[PDB]
$ cat entry36.pdb   # PDB, C-alpha atoms and all ligand atoms
ATOM      1  CA  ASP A   1      68.518  61.810  -0.155  1.00  0.00           C
ATOM      2  CA  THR A   2      72.162  61.948  -1.298  1.00  0.00           C
ATOM      3  CA  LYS A   3      75.299  61.521   0.754  1.00  0.00           C
ATOM      4  CA  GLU A   4      75.970  65.233   0.399  1.00  0.00           C
ATOM      5  CA  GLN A   5      72.523  66.135   1.734  1.00  0.00           C
ATOM      6  CA  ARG A   6      73.129  63.800   4.667  1.00  0.00           C
ATOM      7  CA  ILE A   7      76.479  65.518   5.389  1.00  0.00           C
ATOM      8  CA  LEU A   8      74.827  68.995   5.314  1.00  0.00           C
ATOM      9  CA  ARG A   9      71.985  67.843   7.570  1.00  0.00           C
ATOM     10  CA  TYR A  10      74.472  66.336   9.998  1.00  0.00           C
ATOM     11  CA  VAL A  11      76.423  69.613  10.192  1.00  0.00           C
ATOM     12  CA  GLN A  12      73.173  71.591  10.747  1.00  0.00           C
ATOM     13  CA  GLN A  13      72.254  69.267  13.639  1.00  0.00           C
ATOM     14  CA  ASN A  14      75.697  68.704  15.193  1.00  0.00           C
ATOM     15  CA  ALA A  15      77.675  71.932  14.766  1.00  0.00           C
ATOM     16  CA  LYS A  16      77.140  75.482  16.038  1.00  0.00           C
ATOM     17  CA  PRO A  17      75.928  78.111  13.583  1.00  0.00           C
ATOM     18  CA  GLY A  18      78.603  80.619  12.795  1.00  0.00           C
ATOM     19  CA  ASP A  19      81.438  78.408  14.138  1.00  0.00           C
ATOM     20  CA  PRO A  20      83.565  77.092  11.269  1.00  0.00           C
ATOM     21  CA  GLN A  21      85.777  74.863  13.417  1.00  0.00           C
ATOM     22  CA  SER A  22      82.618  73.040  14.673  1.00  0.00           C
ATOM     23  CA  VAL A  23      81.489  72.600  11.070  1.00  0.00           C
ATOM     24  CA  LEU A  24      84.829  70.964  10.054  1.00  0.00           C
ATOM     25  CA  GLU A  25      84.707  68.682  13.112  1.00  0.00           C
ATOM     26  CA  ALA A  26      81.136  67.633  12.297  1.00  0.00           C
ATOM     27  CA  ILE A  27      82.028  66.822   8.727  1.00  0.00           C
ATOM     28  CA  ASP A  28      85.118  64.858   9.798  1.00  0.00           C
ATOM     29  CA  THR A  29      83.137  62.910  12.418  1.00  0.00           C
ATOM     30  CA  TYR A  30      80.392  62.064   9.905  1.00  0.00           C
ATOM     31  CA  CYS A  31      82.859  60.866   7.301  1.00  0.00           C
ATOM     32  CA  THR A  32      84.894  58.831   9.787  1.00  0.00           C
ATOM     33  CA  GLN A  33      81.958  57.178  11.565  1.00  0.00           C
ATOM     34  CA  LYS A  34      79.159  57.035   8.978  1.00  0.00           C
ATOM     35  CA  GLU A  35      80.090  57.442   5.285  1.00  0.00           C
ATOM     36  CA  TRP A  36      83.429  58.300   3.609  1.00  0.00           C
ATOM     37  CA  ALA A  37      83.433  61.345   1.356  1.00  0.00           C
ATOM     38  CA  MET A  38      86.020  63.140  -0.794  1.00  0.00           C
ATOM     39  CA  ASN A  39      86.534  66.167   1.507  1.00  0.00           C
ATOM     40  CA  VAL A  40      90.224  67.120   1.871  1.00  0.00           C
ATOM     41  CA  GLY A  41      89.978  65.899   5.509  1.00  0.00           C
ATOM     42  CA  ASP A  42      91.806  66.809   8.691  1.00  0.00           C
ATOM     43  CA  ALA A  43      95.267  65.296   7.937  1.00  0.00           C
ATOM     44  CA  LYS A  44      95.743  67.233   4.701  1.00  0.00           C
ATOM     45  CA  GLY A  45      93.589  70.048   6.130  1.00  0.00           C
ATOM     46  CA  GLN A  46      96.217  70.738   8.776  1.00  0.00           C
ATOM     47  CA  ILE A  47      98.841  71.204   6.035  1.00  0.00           C
ATOM     48  CA  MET A  48      96.444  73.536   4.134  1.00  0.00           C
ATOM     49  CA  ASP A  49      95.995  75.560   7.339  1.00  0.00           C
ATOM     50  CA  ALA A  50      99.755  75.932   7.711  1.00  0.00           C
ATOM     51  CA  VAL A  51     100.050  77.126   4.087  1.00  0.00           C
ATOM     52  CA  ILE A  52      97.215  79.633   4.405  1.00  0.00           C
ATOM     53  CA  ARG A  53      98.704  81.040   7.605  1.00  0.00           C
ATOM     54  CA  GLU A  54     102.122  81.421   5.979  1.00  0.00           C
ATOM     55  CA  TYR A  55     100.890  83.376   2.925  1.00  0.00           C
ATOM     56  CA  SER A  56      97.782  85.152   4.296  1.00  0.00           C
ATOM     57  CA  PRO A  57      96.345  85.377   0.734  1.00  0.00           C
ATOM     58  CA  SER A  58      93.929  88.190  -0.051  1.00  0.00           C
ATOM     59  CA  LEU A  59      92.351  86.423  -3.041  1.00  0.00           C
ATOM     60  CA  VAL A  60      92.104  82.622  -3.318  1.00  0.00           C
ATOM     61  CA  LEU A  61      90.626  80.574  -6.232  1.00  0.00           C
ATOM     62  CA  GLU A  62      89.400  77.032  -5.542  1.00  0.00           C
ATOM     63  CA  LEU A  63      88.711  74.556  -8.339  1.00  0.00           C
ATOM     64  CA  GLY A  64      86.158  72.021  -7.179  1.00  0.00           C
ATOM     65  CA  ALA A  65      84.035  72.822  -4.090  1.00  0.00           C
ATOM     66  CA  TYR A  66      82.148  69.585  -3.414  1.00  0.00           C
ATOM     67  CA  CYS A  67      80.393  70.176  -0.045  1.00  0.00           C
ATOM     68  CA  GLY A  68      82.395  73.246   0.934  1.00  0.00           C
ATOM     69  CA  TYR A  69      84.803  71.600   3.418  1.00  0.00           C
ATOM     70  CA  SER A  70      87.971  73.105   1.919  1.00  0.00           C
ATOM     71  CA  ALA A  71      86.183  76.425   1.337  1.00  0.00           C
ATOM     72  CA  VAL A  72      85.270  76.544   5.062  1.00  0.00           C
ATOM     73  CA  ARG A  73      88.805  75.442   5.997  1.00  0.00           C
ATOM     74  CA  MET A  74      90.476  78.228   3.988  1.00  0.00           C
ATOM     75  CA  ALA A  75      87.899  80.964   4.485  1.00  0.00           C
ATOM     76  CA  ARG A  76      87.943  80.682   8.289  1.00  0.00           C
ATOM     77  CA  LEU A  77      91.651  81.661   8.249  1.00  0.00           C
ATOM     78  CA  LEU A  78      91.391  84.574   5.774  1.00  0.00           C
ATOM     79  CA  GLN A  79      91.979  88.114   7.063  1.00  0.00           C
ATOM     80  CA  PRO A  80      89.139  90.613   7.165  1.00  0.00           C
ATOM     81  CA  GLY A  81      88.331  91.689   3.622  1.00  0.00           C
ATOM     82  CA  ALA A  82      90.148  88.723   1.955  1.00  0.00           C
ATOM     83  CA  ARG A  83      88.070  86.605  -0.365  1.00  0.00           C
ATOM     84  CA  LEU A  84      87.701  83.139  -1.806  1.00  0.00           C
ATOM     85  CA  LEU A  85      86.148  82.288  -5.185  1.00  0.00           C
ATOM     86  CA  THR A  86      85.244  78.594  -5.616  1.00  0.00           C
ATOM     87  CA  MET A  87      84.155  76.996  -8.895  1.00  0.00           C
ATOM     88  CA  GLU A  88      81.861  73.963  -8.900  1.00  0.00           C
ATOM     89  CA  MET A  89      80.149  72.626 -12.016  1.00  0.00           C
ATOM     90  CA  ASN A  90      77.688  70.304 -10.184  1.00  0.00           C
ATOM     91  CA  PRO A  91      74.664  72.406  -9.280  1.00  0.00           C
ATOM     92  CA  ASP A  92      73.647  70.090  -6.427  1.00  0.00           C
ATOM     93  CA  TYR A  93      77.177  70.317  -4.927  1.00  0.00           C
ATOM     94  CA  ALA A  94      77.197  74.114  -5.471  1.00  0.00           C
ATOM     95  CA  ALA A  95      73.904  74.303  -3.511  1.00  0.00           C
ATOM     96  CA  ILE A  96      75.328  72.178  -0.668  1.00  0.00           C
ATOM     97  CA  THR A  97      78.445  74.337  -0.580  1.00  0.00           C
ATOM     98  CA  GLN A  98      76.456  77.585  -0.376  1.00  0.00           C
ATOM     99  CA  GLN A  99      74.379  76.236   2.495  1.00  0.00           C
ATOM    100  CA  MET A 100      77.464  74.932   4.299  1.00  0.00           C
ATOM    101  CA  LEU A 101      79.138  78.332   4.073  1.00  0.00           C
ATOM    102  CA  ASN A 102      75.922  80.044   5.220  1.00  0.00           C
ATOM    103  CA  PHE A 103      75.719  77.781   8.252  1.00  0.00           C
ATOM    104  CA  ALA A 104      79.421  78.462   9.082  1.00  0.00           C
ATOM    105  CA  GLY A 105      78.802  82.195   8.760  1.00  0.00           C
ATOM    106  CA  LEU A 106      81.429  82.566   6.029  1.00  0.00           C
ATOM    107  CA  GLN A 107      79.052  83.629   3.181  1.00  0.00           C
ATOM    108  CA  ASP A 108      80.469  87.139   3.020  1.00  0.00           C
ATOM    109  CA  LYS A 109      84.011  85.868   2.333  1.00  0.00           C
ATOM    110  CA  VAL A 110      83.196  83.301  -0.359  1.00  0.00           C
ATOM    111  CA  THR A 111      81.593  83.403  -3.792  1.00  0.00           C
ATOM    112  CA  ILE A 112      80.516  80.000  -5.109  1.00  0.00           C
ATOM    113  CA  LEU A 113      80.424  80.094  -8.881  1.00  0.00           C
ATOM    114  CA  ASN A 114      78.295  77.311 -10.454  1.00  0.00           C
ATOM    115  CA  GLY A 115      80.073  76.402 -13.739  1.00  0.00           C
ATOM    116  CA  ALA A 116      83.157  74.745 -15.284  1.00  0.00           C
ATOM    117  CA  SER A 117      86.575  76.227 -14.578  1.00  0.00           C
ATOM    118  CA  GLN A 118      87.523  76.329 -18.255  1.00  0.00           C
ATOM    119  CA  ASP A 119      84.474  78.539 -18.959  1.00  0.00           C
ATOM    120  CA  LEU A 120      84.757  80.727 -15.809  1.00  0.00           C
ATOM    121  CA  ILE A 121      88.532  81.275 -15.562  1.00  0.00           C
ATOM    122  CA  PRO A 122      88.546  83.442 -18.752  1.00  0.00           C
ATOM    123  CA  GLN A 123      85.795  85.661 -17.230  1.00  0.00           C
ATOM    124  CA  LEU A 124      87.586  86.365 -13.949  1.00  0.00           C
ATOM    125  CA  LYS A 125      89.229  89.640 -14.993  1.00  0.00           C
ATOM    126  CA  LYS A 126      86.360  91.310 -16.791  1.00  0.00           C
ATOM    127  CA  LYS A 127      83.298  89.856 -15.012  1.00  0.00           C
ATOM    128  CA  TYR A 128      84.628  89.318 -11.470  1.00  0.00           C
ATOM    129  CA  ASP A 129      87.121  92.235 -11.345  1.00  0.00           C
ATOM    130  CA  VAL A 130      90.135  90.003 -10.617  1.00  0.00           C
ATOM    131  CA  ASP A 131      93.666  91.295 -11.331  1.00  0.00           C
ATOM    132  CA  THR A 132      95.851  88.354 -10.219  1.00  0.00           C
ATOM    133  CA  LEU A 133      95.368  85.485  -7.803  1.00  0.00           C
ATOM    134  CA  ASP A 134      97.372  85.068  -4.606  1.00  0.00           C
ATOM    135  CA  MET A 135      96.620  81.352  -4.188  1.00  0.00           C
ATOM    136  CA  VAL A 136      94.864  78.545  -6.066  1.00  0.00           C
ATOM    137  CA  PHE A 137      93.574  75.305  -4.487  1.00  0.00           C
ATOM    138  CA  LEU A 138      93.140  72.513  -7.068  1.00  0.00           C
ATOM    139  CA  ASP A 139      90.738  69.755  -6.091  1.00  0.00           C
ATOM    140  CA  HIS A 140      88.622  69.057  -9.206  1.00  0.00           C
ATOM    141  CA  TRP A 141      89.037  66.398 -11.904  1.00  0.00           C
ATOM    142  CA  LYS A 142      92.665  65.294 -11.652  1.00  0.00           C
ATOM    143  CA  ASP A 143      93.244  65.408 -15.440  1.00  0.00           C
ATOM    144  CA  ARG A 144      92.251  69.083 -15.425  1.00  0.00           C
ATOM    145  CA  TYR A 145      94.933  70.364 -12.967  1.00  0.00           C
ATOM    146  CA  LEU A 146      97.512  70.803 -15.735  1.00  0.00           C
ATOM    147  CA  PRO A 147      95.179  72.252 -18.398  1.00  0.00           C
ATOM    148  CA  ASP A 148      93.745  74.729 -15.939  1.00  0.00           C
ATOM    149  CA  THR A 149      97.196  75.772 -14.651  1.00  0.00           C
ATOM    150  CA  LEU A 150      98.193  76.530 -18.244  1.00  0.00           C
ATOM    151  CA  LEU A 151      94.906  78.395 -18.807  1.00  0.00           C
ATOM    152  CA  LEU A 152      95.430  80.522 -15.625  1.00  0.00           C
ATOM    153  CA  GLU A 153      98.808  81.596 -16.962  1.00  0.00           C
ATOM    154  CA  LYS A 154      97.425  82.333 -20.457  1.00  0.00           C
ATOM    155  CA  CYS A 155      94.738  84.527 -18.911  1.00  0.00           C
ATOM    156  CA  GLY A 156      97.293  86.581 -16.966  1.00  0.00           C
ATOM    157  CA  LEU A 157      95.957  85.504 -13.576  1.00  0.00           C
ATOM    158  CA  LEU A 158      99.278  84.305 -12.115  1.00  0.00           C
ATOM    159  CA  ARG A 159     101.846  86.713 -10.636  1.00  0.00           C
ATOM    160  CA  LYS A 160     105.314  86.160  -9.210  1.00  0.00           C
ATOM    161  CA  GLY A 161     104.613  84.360  -5.940  1.00  0.00           C
ATOM    162  CA  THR A 162     101.147  82.940  -6.741  1.00  0.00           C
ATOM    163  CA  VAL A 163     100.789  79.737  -4.637  1.00  0.00           C
ATOM    164  CA  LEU A 164      99.233  76.674  -6.339  1.00  0.00           C
ATOM    165  CA  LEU A 165      98.255  74.018  -3.759  1.00  0.00           C
ATOM    166  CA  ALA A 166      97.118  70.690  -5.314  1.00  0.00           C
ATOM    167  CA  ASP A 167      95.195  67.927  -3.499  1.00  0.00           C
ATOM    168  CA  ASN A 168      95.495  64.242  -4.395  1.00  0.00           C
ATOM    169  CA  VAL A 169      98.800  64.317  -6.155  1.00  0.00           C
ATOM    170  CA  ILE A 170      99.360  60.635  -5.053  1.00  0.00           C
ATOM    171  CA  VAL A 171      95.770  59.274  -4.915  1.00  0.00           C
ATOM    172  CA  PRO A 172      93.992  59.375  -7.315  1.00  0.00           C
ATOM    173  CA  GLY A 173      97.123  61.106  -8.631  1.00  0.00           C
ATOM    174  CA  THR A 174      97.862  63.877 -11.076  1.00  0.00           C
ATOM    175  CA  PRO A 175     100.942  62.580 -12.842  1.00  0.00           C
ATOM    176  CA  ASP A 176     101.081  65.042 -15.767  1.00  0.00           C
ATOM    177  CA  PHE A 177     100.612  68.077 -13.488  1.00  0.00           C
ATOM    178  CA  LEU A 178     103.325  66.849 -11.056  1.00  0.00           C
ATOM    179  CA  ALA A 179     105.810  66.088 -13.825  1.00  0.00           C
ATOM    180  CA  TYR A 180     105.148  69.451 -15.399  1.00  0.00           C
ATOM    181  CA  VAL A 181     105.463  71.720 -12.389  1.00  0.00           C
ATOM    182  CA  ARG A 182     108.449  69.826 -10.971  1.00  0.00           C
ATOM    183  CA  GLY A 183     110.229  70.129 -14.324  1.00  0.00           C
ATOM    184  CA  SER A 184     109.427  73.755 -15.018  1.00  0.00           C
ATOM    185  CA  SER A 185     111.743  76.647 -14.151  1.00  0.00           C
ATOM    186  CA  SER A 186     108.554  78.758 -13.785  1.00  0.00           C
ATOM    187  CA  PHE A 187     107.606  76.852 -10.604  1.00  0.00           C
ATOM    188  CA  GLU A 188     109.230  76.238  -7.211  1.00  0.00           C
ATOM    189  CA  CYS A 189     107.721  72.987  -5.849  1.00  0.00           C
ATOM    190  CA  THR A 190     107.337  71.439  -2.437  1.00  0.00           C
ATOM    191  CA  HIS A 191     105.730  68.098  -1.620  1.00  0.00           C
ATOM    192  CA  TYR A 192     103.796  67.534   1.646  1.00  0.00           C
ATOM    193  CA  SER A 193     103.256  63.802   2.197  1.00  0.00           C
ATOM    194  CA  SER A 194     100.095  62.967   4.097  1.00  0.00           C
ATOM    195  CA  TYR A 195      97.114  60.647   4.027  1.00  0.00           C
ATOM    196  CA  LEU A 196      93.956  60.277   2.011  1.00  0.00           C
ATOM    197  CA  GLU A 197      91.024  61.763   3.852  1.00  0.00           C
ATOM    198  CA  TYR A 198      89.685  59.410   6.536  1.00  0.00           C
ATOM    199  CA  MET A 199      91.937  56.573   5.394  1.00  0.00           C
ATOM    200  CA  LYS A 200      95.232  54.868   6.143  1.00  0.00           C
ATOM    201  CA  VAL A 201      96.390  55.392   2.583  1.00  0.00           C
ATOM    202  CA  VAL A 202      99.293  57.697   1.620  1.00  0.00           C
ATOM    203  CA  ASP A 203      98.382  60.811  -0.322  1.00  0.00           C
ATOM    204  CA  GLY A 204     100.007  64.272  -0.572  1.00  0.00           C
ATOM    205  CA  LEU A 205      99.689  67.923  -1.406  1.00  0.00           C
ATOM    206  CA  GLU A 206     101.951  69.716  -3.875  1.00  0.00           C
ATOM    207  CA  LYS A 207     102.748  73.393  -3.496  1.00  0.00           C
ATOM    208  CA  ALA A 208     103.968  74.996  -6.695  1.00  0.00           C
ATOM    209  CA  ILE A 209     104.856  78.698  -6.481  1.00  0.00           C
ATOM    210  CA  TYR A 210     104.762  80.564  -9.814  1.00  0.00           C
ATOM    211  CA  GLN A 211     108.031  82.375 -10.583  1.00  0.00           C
ATOM    212  CA  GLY A 212     106.943  84.318 -13.692  1.00  0.00           C
ATOM    213  CA  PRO A 213     108.100  83.593 -17.270  1.00  0.00           C
TER     214      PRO A 213
HETATM  215  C1  LIG B 301      87.127  70.729 -15.036  1.00  0.00           C
HETATM  216  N1  LIG B 301      86.515  71.883 -14.352  1.00  0.00           N
HETATM  217  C2  LIG B 301      85.712  71.769 -13.296  1.00  0.00           C
HETATM  218  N2  LIG B 301      85.134  72.911 -12.875  1.00  0.00           N
HETATM  219  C3  LIG B 301      84.288  72.894 -11.828  1.00  0.00           C
HETATM  220  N3  LIG B 301      83.981  71.785 -11.164  1.00  0.00           N
HETATM  221  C4  LIG B 301      84.589  70.652 -11.557  1.00  0.00           C
HETATM  222  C5  LIG B 301      85.476  70.625 -12.593  1.00  0.00           C
HETATM  223  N4  LIG B 301      85.903  69.340 -12.704  1.00  0.00           N
HETATM  224  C6  LIG B 301      85.276  68.656 -11.774  1.00  0.00           C
HETATM  225  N5  LIG B 301      84.507  69.425 -11.041  1.00  0.00           N
HETATM  226  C7  LIG B 301      83.640  68.990  -9.937  1.00  0.00           C
HETATM  227  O1  LIG B 301      84.366  68.110  -9.110  1.00  0.00           O
HETATM  228  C8  LIG B 301      83.924  66.746  -9.247  1.00  0.00           C
HETATM  229  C9  LIG B 301      85.117  65.828  -9.317  1.00  0.00           C
HETATM  230  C10 LIG B 301      85.053  64.466  -8.632  1.00  0.00           C
HETATM  231  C11 LIG B 301      85.794  65.625  -7.959  1.00  0.00           C
HETATM  232  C12 LIG B 301      87.315  65.641  -7.978  1.00  0.00           C
HETATM  233  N6  LIG B 301      87.895  64.955  -6.843  1.00  0.00           N
HETATM  234  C13 LIG B 301      88.103  63.621  -6.809  1.00  0.00           C
HETATM  235  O2  LIG B 301      87.771  62.901  -7.760  1.00  0.00           O
HETATM  236  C14 LIG B 301      88.690  63.061  -5.551  1.00  0.00           C
HETATM  237  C15 LIG B 301      88.744  61.662  -5.404  1.00  0.00           C
HETATM  238  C16 LIG B 301      89.322  61.079  -4.297  1.00  0.00           C
HETATM  239  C17 LIG B 301      89.311  59.555  -4.206  1.00  0.00           C
HETATM  240  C18 LIG B 301      88.256  58.800  -4.709  1.00  0.00           C
HETATM  241  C19 LIG B 301      88.285  57.429  -4.568  1.00  0.00           C
HETATM  242  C20 LIG B 301      89.374  56.834  -4.000  1.00  0.00           C
HETATM  243  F1  LIG B 301      89.356  55.487  -3.871  1.00  0.00           F
HETATM  244  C21 LIG B 301      90.415  57.550  -3.471  1.00  0.00           C
HETATM  245  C22 LIG B 301      90.398  58.940  -3.607  1.00  0.00           C
HETATM  246  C23 LIG B 301      89.793  61.905  -3.260  1.00  0.00           C
HETATM  247  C24 LIG B 301      89.741  63.283  -3.381  1.00  0.00           C
HETATM  248  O3  LIG B 301      90.267  64.054  -2.355  1.00  0.00           O
HETATM  249  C25 LIG B 301      89.222  63.844  -4.550  1.00  0.00           C
HETATM  250  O4  LIG B 301      89.266  65.209  -4.546  1.00  0.00           O
HETATM  251  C26 LIG B 301      83.031  66.719 -10.459  1.00  0.00           C
HETATM  252  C27 LIG B 301      82.489  68.141 -10.476  1.00  0.00           C
HETATM  253  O5  LIG B 301      81.461  68.189  -9.481  1.00  0.00           O
HETATM  254 CL    CL B 302      86.823  69.515   0.278  1.00  0.00          CL
HETATM  255 CL    CL B 303      91.633  62.793   7.694  1.00  0.00          CL
HETATM  256 MG    MG B 304      90.579  66.002  -3.064  1.00  0.00          MG
END

$ encode --input "entry36.pdb" --output "structure tokens" --more "lines below"
Ligand SMILES: CNc1ncnc2c1ncn2[C@@H]1O[C@H]([C@@H]2C[C@H]2CNC(=O)c2cc(-c3ccc(F)cc3)cc(O)c2O)C[C@H]1O
Ligand SMILES: [Cl-]
Ligand SMILES: [Cl-]
Ligand SMILES: [Mg+2]
Amino acid sequence: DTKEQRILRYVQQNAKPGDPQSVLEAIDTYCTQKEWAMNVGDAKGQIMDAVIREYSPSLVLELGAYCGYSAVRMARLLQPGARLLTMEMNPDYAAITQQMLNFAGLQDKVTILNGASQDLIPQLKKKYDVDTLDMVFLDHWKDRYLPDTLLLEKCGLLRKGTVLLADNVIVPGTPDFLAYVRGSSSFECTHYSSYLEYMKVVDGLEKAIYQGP
């Protein structure tokens, strides 16, 4: 089996069905004690929680699902009726993510779309009935944060106040995205210094709030 299958099995056998907090704890224990994996983790996760609670977004887009850790983290704090869409091009990861959300009991709040962001983002309005996004969590290939930000704006998916929250702006790093948002009058940026998941290595989140054109 794969590392991601082992993580899902561990959750199924060590967390409580329908209890998202137990699912996060199981994943964090597994990845601390057994095998590292690229989940956002508890250190950065706590900052994500604080952001979600501040904005109470009704519609969130996530780029890159992996095993569903961040999707569980965000979805568990959404208000009744609020929704998360998460895009994941790897079909095996998309399958893990669906099963993780099912186990957590969050399936009704989240739609896991199996495809590439650059193909799916242009379909959001007409196929998925999206007007604008309240929040976007970027956690996919680091060289695609900037292109996809620019594509979201082109597609009319950003509104005044849309919150972009970007993982891994230090490690592995997203230098073009950071330079761009920090230099642009269309974004108000805040940096939240933290640590790489499960490691004593500095990382950080960037919040970039869209201000319109
Ligand atoms: C471009 N559009 C895309 N659309 C949908 N899914 C996409 C998509 N680009 C891609 N996807 C999916 O996401 C998959 C890429 C690999 C993830 C993206 N994350 C990372 O690379 C990552 C890495 C580290 C890391 C690794 C090693 C170190 F020594 C230190 C840090 C930590 C993280 O927190 C990370 O998030 C591939 C694919 O499954
Ligand atoms: Cl994650
Ligand atoms: Cl952590
Ligand atoms: Mg990440």

$ residues_near_ligand --input "entry36.pdb" --ligand "ligand CL 303 (chain B)" --cutoff "12 Å" --atoms "all atoms listed in the file" --output "MDAnalysis selection string"
chainID A and resid 24:25 27:33 36:47 69 194:204

$ write_last_selection --input "entry36.pdb" --atoms "C-alpha atoms" --output "CSV table (one decimal), in the coordinates of the input"
chain,number,residue,atom,x,y,z
A,24,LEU,CA,84.8,71.0,10.1
A,25,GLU,CA,84.7,68.7,13.1
A,27,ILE,CA,82.0,66.8,8.7
A,28,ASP,CA,85.1,64.9,9.8
A,29,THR,CA,83.1,62.9,12.4
A,30,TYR,CA,80.4,62.1,9.9
A,31,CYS,CA,82.9,60.9,7.3
A,32,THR,CA,84.9,58.8,9.8
A,33,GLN,CA,82.0,57.2,11.6
A,36,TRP,CA,83.4,58.3,3.6
A,37,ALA,CA,83.4,61.3,1.4
A,38,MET,CA,86.0,63.1,-0.8
A,39,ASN,CA,86.5,66.2,1.5
A,40,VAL,CA,90.2,67.1,1.9
A,41,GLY,CA,90.0,65.9,5.5
A,42,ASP,CA,91.8,66.8,8.7
A,43,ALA,CA,95.3,65.3,7.9
A,44,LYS,CA,95.7,67.2,4.7
A,45,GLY,CA,93.6,70.0,6.1
A,46,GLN,CA,96.2,70.7,8.8
A,47,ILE,CA,98.8,71.2,6.0
A,69,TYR,CA,84.8,71.6,3.4
A,194,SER,CA,100.1,63.0,4.1
A,195,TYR,CA,97.1,60.6,4.0
A,196,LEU,CA,94.0,60.3,2.0
A,197,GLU,CA,91.0,61.8,3.9
A,198,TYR,CA,89.7,59.4,6.5
A,199,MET,CA,91.9,56.6,5.4
A,200,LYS,CA,95.2,54.9,6.1
A,201,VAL,CA,96.4,55.4,2.6
A,202,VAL,CA,99.3,57.7,1.6
A,203,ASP,CA,98.4,60.8,-0.3
A,204,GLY,CA,100.0,64.3,-0.6

$ atom_distance --input "entry36.pdb" --atom1 "atom CA of residue 51 of chain A" --atom2 "atom CA of residue 133 of chain A"
15.3 Å

$ axis_aligned_box --input "entry36.pdb" --around "ligand LIG 301 (chain B)" --padding-each-side "5 Å" --output "AutoDock Vina command-line options"
--center_x 85.9 --center_y 64.2 --center_z -8.7 --size_x 19.0 --size_y 27.4 --size_z 22.7

$ resolve_selection --input "entry36.pdb" --expression "the PyMOL selection byres (((chain A and resi 141-147) around 6) and not hetatm)" --output "PyMOL selection string"
chain A and resi 140+148-150+174+177

$ closest_residue --input "entry36.pdb" --among "A:100, A:78, A:119, A:35" --to "ligand LIG 301 (chain B)" --atoms "only C-alpha atoms and all ligand atoms"
A:119

$ atom_distance --input "entry36.pdb" --atom1 "atom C7 of ligand LIG 301 (chain B)" --atom2 "atom CA of residue 66 of chain A"
6.7 Å

$ atom_distance --input "entry36.pdb" --atom1 "atom CA of residue 11 of chain A" --atom2 "atom CA of residue 99 of chain A"
10.4 Å

$ residues_near_point --input "entry36.pdb" --point "(78.1, 75.1, -10.9)" --cutoff "6 Å" --atoms "only C-alpha atoms" --output "count of residues only"
8

$ closest_residue --input "entry36.pdb" --among "A:104, A:109, A:85, A:49" --to "residue 19 of chain A" --atoms "only C-alpha atoms"
A:104

$ residues_around --input "entry36.pdb" --residues "residue 161 of chain A" --least-positions-apart "5" --cutoff "7 Å" --atoms "only C-alpha atoms" --output "ChimeraX atom specification"
/A:209-211

$ residues_near_point --input "entry36.pdb" --point "(108.7, 71.6, -11.0)" --cutoff "12 Å" --atoms "only C-alpha atoms" --output "PDB file with C-alpha atoms, in the frame of the given file"
ATOM      1  CA  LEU A 164      99.233  76.674  -6.339  1.00  0.00           C
ATOM      2  CA  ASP A 176     101.081  65.042 -15.767  1.00  0.00           C
ATOM      3  CA  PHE A 177     100.612  68.077 -13.488  1.00  0.00           C
ATOM      4  CA  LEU A 178     103.325  66.849 -11.056  1.00  0.00           C
ATOM      5  CA  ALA A 179     105.810  66.088 -13.825  1.00  0.00           C
ATOM      6  CA  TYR A 180     105.148  69.451 -15.399  1.00  0.00           C
ATOM      7  CA  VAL A 181     105.463  71.720 -12.389  1.00  0.00           C
ATOM      8  CA  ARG A 182     108.449  69.826 -10.971  1.00  0.00           C
ATOM      9  CA  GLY A 183     110.229  70.129 -14.324  1.00  0.00           C
ATOM     10  CA  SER A 184     109.427  73.755 -15.018  1.00  0.00           C
ATOM     11  CA  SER A 185     111.743  76.647 -14.151  1.00  0.00           C
ATOM     12  CA  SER A 186     108.554  78.758 -13.785  1.00  0.00           C
ATOM     13  CA  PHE A 187     107.606  76.852 -10.604  1.00  0.00           C
ATOM     14  CA  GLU A 188     109.230  76.238  -7.211  1.00  0.00           C
ATOM     15  CA  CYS A 189     107.721  72.987  -5.849  1.00  0.00           C
ATOM     16  CA  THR A 190     107.337  71.439  -2.437  1.00  0.00           C
ATOM     17  CA  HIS A 191     105.730  68.098  -1.620  1.00  0.00           C
ATOM     18  CA  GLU A 206     101.951  69.716  -3.875  1.00  0.00           C
ATOM     19  CA  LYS A 207     102.748  73.393  -3.496  1.00  0.00           C
ATOM     20  CA  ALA A 208     103.968  74.996  -6.695  1.00  0.00           C
ATOM     21  CA  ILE A 209     104.856  78.698  -6.481  1.00  0.00           C
ATOM     22  CA  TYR A 210     104.762  80.564  -9.814  1.00  0.00           C
ATOM     23  CA  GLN A 211     108.031  82.375 -10.583  1.00  0.00           C
TER      24      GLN A 211
END

$ closest_residue --input "entry36.pdb" --among "A:123, A:162, A:70, A:5" --to "residue 48 of chain A" --atoms "only C-alpha atoms"
A:70

$ resolve_selection --input "entry36.pdb" --expression "the PyMOL selection byres (((chain A and resi 166) around 6) and not hetatm)" --output "ChimeraX atom specification"
/A:137-138,165,167,205-206

$ closest_residue --input "entry36.pdb" --among "A:65, A:158, A:102, A:127" --to "ligand MG 304 (chain B)" --atoms "only C-alpha atoms and all ligand atoms"
A:65

$ closest_residue --input "entry36.pdb" --among "A:95, A:120, A:106, A:59" --to "residue 71 of chain A" --atoms "all atoms listed in the file"
A:106

$ residues_around --input "entry36.pdb" --residues "residue 124 of chain A" --least-positions-apart "5" --cutoff "10 Å" --atoms "all atoms listed in the file" --output "PyMOL selection string"
chain A and resi 85+119+129-133+152+155+157

$ closest_residue --input "entry36.pdb" --among "A:67, A:26, A:60, A:121" --to "ligand MG 304 (chain B)" --atoms "only C-alpha atoms and all ligand atoms"
A:67
